[PDB]
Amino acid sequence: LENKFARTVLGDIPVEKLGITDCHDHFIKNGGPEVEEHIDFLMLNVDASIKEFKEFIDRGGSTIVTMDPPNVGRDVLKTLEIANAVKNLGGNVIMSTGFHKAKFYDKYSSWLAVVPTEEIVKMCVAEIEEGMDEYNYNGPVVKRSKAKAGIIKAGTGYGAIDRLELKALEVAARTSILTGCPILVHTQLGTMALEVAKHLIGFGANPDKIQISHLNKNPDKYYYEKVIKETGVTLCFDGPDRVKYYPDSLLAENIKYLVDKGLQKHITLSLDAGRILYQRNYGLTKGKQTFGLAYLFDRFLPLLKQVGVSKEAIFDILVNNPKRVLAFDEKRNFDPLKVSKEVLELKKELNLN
């Protein structure tokens, strides 16, 4: 037997326990830069989150990966309350270390800008292998939870990879290489996905460990296919019930295209419900009827069957693919001399060395 594990906030589990997995979601977003953009990004209700998680499990789901990097909204303590409330129902929660896109960090004075890459990797490795900081790397005082992170995030901005984002991708790659952890990268409007994949692989990261999210905001089925085929990474889509970007139908038809091209093993799904009105129970706390996690099962997955995606492809998308991409690799040494020439050259051009 393979005997691979994933790292949840409650401990390492066999990847076979992951079950149906929402690969990019949120429950608690406790302040941070996002809240500056809009009050709706503030999400602080443990009871509402647990109720929403229970509706997810009620429909057949088991695992949620809450992708909040330490400095952008993450709350270890509250998320651990949620995890503990569902564990005996088969619920699992994986949390993240790492960084969001550069726009969320002060480019002059943030620790991302200023602290040498190597010291940052040590802090990310520590969240994966010792415990996440309950103060979320907000400052010089650290108080580690017994809960560990099970994945590392990075993010890129619109139509461009910033020099600090390339630095954060190097952090993600190195941490992943050293700990075996998986990586998920947020792209802005689904831009630069091909390049994000190329650079992470150029640093030495294993493409089987890599998800790139938000491609649904660049609804280009040819590009999706190009990314999967040239790099081997996995695309994590959100998009259901985000009509202000694109209708559900477009994502379903693009997925159907990829499945028809034989690429069903390279697709994961998520709701990325990272605003307060994007969950049903939260919506209720604001006096509103809204959709949340149940909608994946009640509405989106049936639309997928309707446009011609098989139940077997869906089983890969919800179960087999997460079981592959969230599994820890064996630990490796990081060798800076094996970094690809294309990456080294780009670091030089971006004044990163």
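When you see a residue number, it is the position in the sequence shown, counting from 1.
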Averaging the C-alpha temperature factors as deposited, the higher value of 35 to 43 versus 307 to 315 falls on 35 to 43
Which of the two stretches, 317 to 325 or 284 to 292, shows the higher mean Cα temperature factor in the record? 284 to 292
Please pick out which of 337, 20, 23, 15 has the largest Cα B-factor as recorded in the entry. 337
In terms of CA temperature factor as recorded, identify the highest of 151, 171, 89, 201. 89
In terms of its chain's C-alpha B-factors, the third that includes residue 253 is the middle
Splitting the chain's C-alpha B-factors into thirds, which one does residue 115 fall into? middle
Would you mind checking where the Cα B-factor of residue 261 ranks among the modelled residues of its chain, as the lowest, middle or highest third? lowest
Using only modelled residues of the chain, where does the Cα B factor of residue 53 rank: lowest third, middle third or highest third? lowest
Temperature factor at the Cα of residue 97, chain-ranked in thirds, falls in the lowest
